[PDB]
Amino acid sequence: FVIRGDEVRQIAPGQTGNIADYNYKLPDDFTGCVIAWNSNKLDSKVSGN
Amino acid sequence: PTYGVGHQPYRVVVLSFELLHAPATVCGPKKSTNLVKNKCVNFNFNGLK
């Protein structure tokens with residue numbers, strides 16, 4: 397999936413955030429881990445995506 | 496502060512004794528009686544029963 401900046405912090409288990417709780421909500425007991433990187437090059441529109 | 500308990504920092508101190516007791520220098524707290532010779536007694540020289 398694709399989100400903004402602060403919500404990658406919001407993703408972390410236990411932490412609560414509107415996007416986090418209303419969309420993905422990783423469980424408390426988690427055995428796995430995430431990847432993230434900047435995507436401004438291929439996911440930005442001058443008029444707006 | 497918002498990180499999970501798993502990723503919170505922890506201070507670790509590791510102690511390494513040397514119980515080969517060659518010079519003995521860091522003897523712990525205790526109290527020393529006199530020395531008596533030519534008598535079957537219970538001796539405790541440097542922590543040795």
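If you're matching them up, the sequences are chains A and D in order.
Note that the first sequence ends on residue 445 in PDB author numbering; no numbers are left out.
Note that the second sequence ends on residue 544 in PDB author numbering; no numbers are left out.
Positions of the beta carbon are idealized from the N, C-alpha and C atoms, including for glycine.
Cβ pair residue i, residue j closer than 9 Å
i	j	result
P409/A	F426/A	yes
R405/A	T520/D	no
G499/D	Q411/A	yes
Rounded separation between residue i and residue j - CA only
i	j	result
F540/D	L530/D	10 Å
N445/A	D439/A	8 Å
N533/D	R506/D	53 Å
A432/A	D424/A	20 Å
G523/D	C429/A	48 Å
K525/D	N537/D	16 Å
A416/A	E513/D	52 Å
Residue i: contacting residues in chain D (beta-carbon distance under 8 Å)
i	result
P409/A	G499
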